[PDB]
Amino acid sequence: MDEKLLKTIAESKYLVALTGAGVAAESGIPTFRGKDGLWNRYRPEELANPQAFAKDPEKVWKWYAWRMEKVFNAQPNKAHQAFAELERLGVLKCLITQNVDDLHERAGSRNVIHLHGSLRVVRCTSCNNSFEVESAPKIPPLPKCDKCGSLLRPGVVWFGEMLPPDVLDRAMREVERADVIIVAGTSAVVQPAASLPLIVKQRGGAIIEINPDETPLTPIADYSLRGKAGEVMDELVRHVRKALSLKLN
């Protein structure tokens, strides 16, 4: 929280952000890895992959319906609010997230890229029909497509599956032009998302990591703030807004 950091942010020409599950932790949603991580209690090999879904679609759907209810009922936290405000102020140009929740949107964020899909989306496993839901379905019965009758599935990206080309390309273009990137709440291990901040640094930009833990990205982060995203981002944005308000214009 030194002048240099605030300066880097306030004077940035094209700041972007990459967020992970840690940014939703303060909304009561557990992260995937770490202490109470979901992947530590639930096996990603049975809940986060096409093979498992085909084997037992009822089990996978029951789990996602539960997660959907949790997210739809959760509220955006101070971190979500801070990112939306940083965008309102004209500083944050684009927010790229690995999160499948819609908390960034519900906080007011407008230019959001969902690298790994969204829990609000449900799509067919056979035809191209897809749509959004207001609340979680009850399982059983298995959600079936009203177009061809085939099994529907959560509109999220599972392990081994390819991120939508257009989505990753858009994110790539964003980081290729960013001079500063805030990387908050992500463990920096899952690819290709984890490689996006490297693009910014390789091109000459700065990395600002926000995470209570150190990660594989920490060694190259210009700034690495050990704290919760809610507290850190709220303070950072308030300081940035103040700095901007002081400019003689």
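Residue positions are given as counts along the sequence shown, with the first one as 1.
For the segment pair 142-150 and 80-88, the entry gives 142-150 the higher mean B-factor, averaged over Cα atoms.
A summary of the deposited B-factors shows that, of 202-210 and 43-51, the stretch with the larger mean C-alpha value is 43-51. For the set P219, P192, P30, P197, the PDB entry puts the maximum C-alpha B factor at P30. Among all modelled residues in this chain, the alpha-carbon of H104 has a temperature factor (C-alpha) in the lowest third. For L15, the recorded CA B-factor ranks within the lowest third of the chain. Only modelled residues enter the ranking.
Sort the modelled residues of the chain by CA B factor and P137 lands in the middle third. Among the modelled residues of its chain, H114 has a C-alpha B-factor that falls in the lowest third, as given in the PDB entry. Placement of the Cα temperature factor of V60 within the chain: middle third of the modelled residues, per the deposited record.
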